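These notes are about the structure you will find just below.
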Amino acid sequence: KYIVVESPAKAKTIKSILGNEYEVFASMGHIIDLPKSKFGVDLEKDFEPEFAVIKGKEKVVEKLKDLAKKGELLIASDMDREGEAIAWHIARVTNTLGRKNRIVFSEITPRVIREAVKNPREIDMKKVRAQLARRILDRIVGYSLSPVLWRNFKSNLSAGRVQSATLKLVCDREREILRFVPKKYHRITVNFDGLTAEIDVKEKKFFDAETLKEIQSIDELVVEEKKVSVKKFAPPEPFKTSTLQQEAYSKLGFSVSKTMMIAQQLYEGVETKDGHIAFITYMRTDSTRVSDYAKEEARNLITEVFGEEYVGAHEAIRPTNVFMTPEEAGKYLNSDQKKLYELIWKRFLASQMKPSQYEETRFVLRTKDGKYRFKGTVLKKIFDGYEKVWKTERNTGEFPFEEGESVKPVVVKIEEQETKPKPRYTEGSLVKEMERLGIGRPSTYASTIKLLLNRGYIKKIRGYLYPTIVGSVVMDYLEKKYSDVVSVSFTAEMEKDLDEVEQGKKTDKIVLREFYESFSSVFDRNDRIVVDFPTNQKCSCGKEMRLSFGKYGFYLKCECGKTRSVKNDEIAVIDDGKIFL
């Protein structure tokens with residue numbers, strides 16, 4: 001039998017497992033694709049795609065056709081929609097579509113691979129159609145709007161729908177920050193015996209001088225209320241793509257593209273001095289489910305290392321072999337791979353362990369004159385559970401006081417503060433928002449963010465993301481002329497529709513016809529657009545400046561002073577028609 005995969009890494013890992021009973025072949029990427037500069041879909045044949053062998057890949061195609069005549073040609077592409085389409089192109093070119101020739105697995109390990117090759121299935125055409133519909137949607141937007149956007153702002157909308165929705169998130173965040181009005185208030189805390197409590201107020205308040213003097217004068221309080229209860233904390237869930245990207249960003253400082261690159265290495269199998277080893281399950285997943293076999297191995301490890309009292313077709317991202325500890329993994333993994341494997345391993349083991357248990361004491365203290373109250377909480381650890389693996393800090397302490405008892409000495413701390421706006425997104429917290437709103441999917445979170453940064457539509461400064469002049473100006477255009485079509489809401493609706501096509505709950509054709517109706521009814525190909533915005537900038541003579549766009553790109557001008565040039569990626573947000581630089 002012959003097995004075909006996309007990558008040399010996967011081919012070597014698979015060949016290591018199967019030996020000489022199977023010949024394993026890598027295609028070295030895609031063989032067939034839509035045209036690179038023809039539109040490629042026939043809008044008069046109900047969105048018929050036009051495929052051709054990619055230049056340079058003709059020989060691979062010939063080899064595949066030859067193999068298919070010599071033996072069963074099994075296809076071991078990754079298990080996502082893209083992989084299913086790869087499988088379909090190979091089956092079509094070899095005239096084997098409909099055979100049981102597609103191998104499905106979430107991990108490249110001996111037990112799993114050996115079973116998977118024995119149980120091939122037919123290519124899932126609903127999954128293929130969901131992929132193709134995505135390609136067609138992107139191609140319609142891309143080939144309609146990128147020329148319009150080149151003519152007017154010298155920039156493009158590839159990865160389009162999802163990319164414009166995500167850009168909108170960043171702009172909306174920036175306007176929220178712009179419009180925020182901070183409020184001064186006092187933070188007032190009392191401190192006694194290692195415990196703290198905050199003043200009890202209906203809203204954040206700026207106290208007057210005489211009230212502050214009084215509060216600062218407090219040196220004794222009385223316990224008004226003491227309530228003790230059991231508090232359990234759930235272990236983390238096993239990673240899925242979205243939460244891996246978020247945590248690798250916040251815990252390791254990895255960009256979401258670096259995380260996915262490393263995760264792919266760990267899944268496909270790394271070459272070692274002695275062979276090849278897969279470390280984790282497939283990295284594009286929306287599931288946090290764990291196989292029964294992996295659950296059992298985890299129970300066995302927990303039992304052995306920690307004790308029984310600690311024990312708690314898409315799959316979570318998790319270690320293929322939980323007994324390969326992060327420390328042992330270090331002899332095979334580079335520094336970045338080791339950090340990522342360690343994260344994944346700790347999250348998985350912790351997810352299989354018992355909740356932790358604490359006793360929580362919530363208390364209220366009052367002054368003797370009854371004028372002021374202060375509220376606090378403290379925890380006491382009963383059982384660490386999963387926190388033995390997933391490191392957690394909590395406000396632990398003791399409340400050695402009863403209701404009605406006086407406490408002295410107390411120390412009051414008064415600090416003037418100002419309310420703060422929402423923080424900007426980071427790559428990780430932008431992924432979180434894309435998941436929240438339904439606009440990203442496992443295969444598109446990282447690529448969307450990367451493209452936005454690469455086109456200079458957003459800019460990263462000390463890890464926070466800012467919209468730029470070109471991002472803002474492009475988004476404003478799309479909002480004005482393609483309001484419904486480019487909305488976060490419509491993007492989310494389309495992504496849900498494509499999930500439904502994959503699941504066989506909607507047809508590709510119905511989804512495509514709906515989109516095209518909405519798009520075509522607003523698409524104006526001959527649109528010419530003079531950039532002309534009021535700004536928050538002033539020139540020497542006192543006048544307001546205006547933003548314009550010429551042969552050397554963006555510039556500011558006033559009906560008096562000289563013209564100041566601006567880079568496409570200078571930070572900027574548009575609000576009520578005015579650009580704020």
Side-chain angles (χ1 to χ4, degrees), residues 30 32-52 54 81-82 84-85 88-89 125-168 434 438-441 443-444 447-448 451-452 455 457 471 474-502 506-529:
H30 303 273
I32 284 152
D33 192 37
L34 292 174
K36 190 135 280 154
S37 289
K38 187 165 192 175
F39 175 47
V41 15
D42 190 348
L43 301 174
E44 298 287 36
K45 272 191 184 173
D46 214 22
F47 316 97
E48 261 290 355
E50 297 161 35
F51 285 105
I54 301 173
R81 291 186 201 162
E82 181 189 28
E84 201 79 6
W88 177 69
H89 288 305
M125 289 300 309
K126 308 300 190 203
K127 200 163 180 176
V128 175
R129 295 176 174 271
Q131 178 65 11
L132 298 180
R134 176 172 228 102
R135 297 287 316 277
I136 295 163
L137 285 174
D138 291 352
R139 172 77 48 130
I140 292 160
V141 173
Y143 282 68
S144 291
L145 289 185
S146 298
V148 178
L149 296 175
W150 182 254
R151 173 80 192 189
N152 295 306
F153 316 112
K154 289 179 176 169
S155 45
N156 70 325
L157 204 77
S158 58
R161 296 177 302 112
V162 175
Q163 160 180 262
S164 54
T166 300
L167 174 57
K168 180 61 173 287
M434 295 173 73
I439 63 176
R441 292 293 184 277
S443 63
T444 59
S447 56
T448 296
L451 208 212
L452 284 176
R455 301 305 153 171
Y457 289 167
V474 170
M475 192 76 245
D476 178 77
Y477 178 68
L478 298 174
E479 290 171 2
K480 281 171 188 166
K481 308 279 169 156
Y482 297 77
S483 192
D484 292 331
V485 160
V486 310
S487 63
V488 171
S489 165
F490 189 76
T491 303
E493 180 179 337
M494 281 296 341
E495 293 305 298
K496 178 189 208 157
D497 282 357
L498 295 168
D499 287 344
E500 292 178 338
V501 169
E502 174 179 337
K506 276 190 165 184
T507 270
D508 56 353
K509 306 309 201 192
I510 286 161
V511 176
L512 293 173
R513 294 172 214 176
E514 182 159 35
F515 181 90
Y516 188 77
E517 175 54 35
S518 312
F519 190 78
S520 66
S521 71
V522 294
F523 176 57
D524 175 22
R525 70 170 78 258
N526 306 338
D527 210 27
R528 230 289 153 174
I529 296 304

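What's counted below: heavy atoms across the whole structure, side chains too, no hydrogens, waters or symmetry copies. Numbers here simply count residues along the sequence, with the first being 1.
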Inset, instruction - Using atom types as modelled and distance alone, determine if a side-chain donor or acceptor of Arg139 lies under 3.5 Å from a backbone N or O of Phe39. - result: yes

Inset, instruction - Could you check if a side-chain atom of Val162 sits within less than 4.5 angstrom of a side-chain atom of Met434, using non-hydrogen atoms only? - result: yes

Inset, instruction - May I ask you to decide if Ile529's main-chain N or O and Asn152's side chain share a donor-acceptor pair within less than 3.5 Å? - result: yes

Inset, instruction - May I ask you to check whether over 12 heavy atoms, not counting those of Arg528, lie within 6.0 Å of atom CZ? - result: yes

Inset, instruction - Check for a donor-acceptor pair, side chain of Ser521 on one end and backbone N or O of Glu517 on the other, with a separation under 3.5 Å. - result: yes

Legend entry - Spatial distance of atom CZ (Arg81) from atom CZ (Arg129) [nearest 0.5 Å]: 14.5 Å

Legend entry - Euclidean distance, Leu452 CG relative to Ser447 OG, rounded to 0.5 Å: 9.5 Å

Inset, instruction - Please name the pair of heavy atoms, one in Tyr457 and one in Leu167, separated by the smallest distance, quoted to 0.1 Å. - result: O-CD1, 3.8 Å

Legend entry - Charged N-O contact under 4.0 Å between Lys509 and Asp46: no

Inset, instruction - Kindly check if the number of other-residue, nucleotide or ligand heavy atoms within 6.0 Å of CD (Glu50) is above 12? - result: yes

Inset, instruction - Decide yes or no on side-chain contact (heavy atoms from CB on, under 4.5 Å) for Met494 and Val511, but give the supporting numbers first. - result: CA-CA 8 Å; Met494 281 296 341; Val511 176; 3.2 Å; yes

Legend entry - Over all atoms of both residues, closest heavy-atom pair of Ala492 and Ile439: N-CG2, 3.9 Å

Legend entry - Backbone N/O of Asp484 and side chain of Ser487: donor-acceptor pair under 3.5 Å: yes

Inset, instruction - For residues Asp508 and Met125, determine if any side-chain heavy atom of one lies less than 4.5 Å from a side-chain heavy atom of the other. - result: no

Legend entry - Side-chain heavy-atom pair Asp33, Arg135 within 4.5 angstrom cut-off: yes

Legend entry - Heavy-atom pair with the smallest gap, counting every atom of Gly438 and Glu495: O-CB, 3.7 Å

Legend entry - Greater than 12 external heavy atoms within 6.0 Å of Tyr516's OH: no

Legend entry - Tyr482 and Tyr477 aromatic ring geometry - parallel, tilted or perpendicular at 30°/60° bounds: tilted

Legend entry - Sidechain N-carboxylate O distance under 4.0 Å for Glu479, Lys168: yes

Legend entry - Considering all heavy atoms, the nearest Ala165-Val488 contact: O-CG2, 3.8 Å

Legend entry - Distance (rounded to the nearest 0.5 Å) between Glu48 CD and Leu132 CG: 10.0 Å

Inset, instruction - Starting at CG of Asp497, measure out to CD1 of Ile510 and round the result to the nearest 0.5 Å. - result: 10.5 Å

Legend entry - Between NZ on residue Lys496 and OG1 on residue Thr491, distance to nearest 0.5 Å: 14.5 Å

Legend entry - Separation between CE of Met475 and OG1 of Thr166, rounded to the nearest 0.5 Å: 10.0 Å

Inset, instruction - Answer yes or no: is there a side-chain heavy-atom contact under 4.5 Å between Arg441 and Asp499? - result: yes

Legend entry - Short side-chain to backbone donor-acceptor contact, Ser164 and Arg161, under 3.5 Å: yes

Legend entry - Geometric class of the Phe51/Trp88 ring pair [parallel <30°, tilted 30-60°, perpendicular >60°]: perpendicular

Legend entry - Any donor-acceptor pair under 3.5 Å from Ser155 side chain to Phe153 backbone: yes

Inset, instruction - Give the minimum heavy-atom separation between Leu149 and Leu157, together with the two atoms involved. - result: CD1-CB, 3.7 Å

Legend entry - Donor-acceptor contact present, side-chain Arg513 to main-chain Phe47, <3.5 Å: no

Inset, instruction - Return the minimal non-hydrogen interatomic distance between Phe490 and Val485, and the atom names on each side. - result: CD2-O, 3.3 Å

Inset, instruction - Find out whether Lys126 and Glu502 are in side-chain contact, i.e. whether some heavy atom of one side chain is under 4.5 Å from a heavy atom of the other. - result: no

